Amino acid sequence: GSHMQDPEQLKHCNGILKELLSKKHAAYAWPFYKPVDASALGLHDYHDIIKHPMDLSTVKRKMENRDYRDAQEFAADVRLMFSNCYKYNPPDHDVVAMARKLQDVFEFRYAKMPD
Ligand SMILES: CC(=O)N1c2ccc(-c3cc[nH]n3)cc2[C@H](Nc2ccccc2Cl)C[C@@H]1C
């Protein structure tokens, strides 16, 4: 059920999203900008292992389309994006180090949600 605070919380989520897409974090955010193109990367098992792909451009489209009804729904997609990375890639892969750094950006700012 919609709460009076959902619009303000979604503004906080949009601020986080803008930050994740900003030049400040681009050195480690870039793998997450667009859907994994498994065929182009030669990762022909990706869609057998990952049931629900997610990436920042999809989160952005969903935000722009008013798909997210609350902050927790937004957070679930961001965390799904990171979880897919941790599931598919070896834990010592460069992309996993990037995911951990970007997830730190996300989690610490998400924790500051007005409530
Ligand atoms: C998000 C994610 O999990 N992945 C992902 C997605 C997109 C891209 C991408 C986009 C444009 N060029 N490459 C690359 C990767 C990862 N590779 C990778 C990443 C950083 C350094 C070195 C390497 Cl090898 C594989 C993995 C499946």
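Taking the Cα atoms of the range 1-41, report the difference between the largest and smallest coordinate on each principal axis, in whole Å and largest first.
On the principal axes, the range 1-41 reaches 44, 26, 8 Å in Cα extent.
Kindly provide the Kirkwood hydrodynamic radius of the chain in Å, to one decimal, from all pairs of distinct alpha carbon atoms.
Across the chain, the inverse of the average 1/r is 14.8 Å.
Once the dipole of the chain is set up with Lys and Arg at +1 and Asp and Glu at -1 on Cβ about the Cα centre, which of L56, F82, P7 lies farthest towards its positive end?
Farthest towards the positive pole: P7.
Please compute the Kirkwood hydrodynamic radius of the range 35-80 from all pairs of different C-alpha atoms, in Å with one decimal.
11.7 Å is the Kirkwood radius here.
Coordinate-derived values only; no laboratory data. Backbone-built Cβ (ideal geometry, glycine too); neighbour counts: all protein chains shown.
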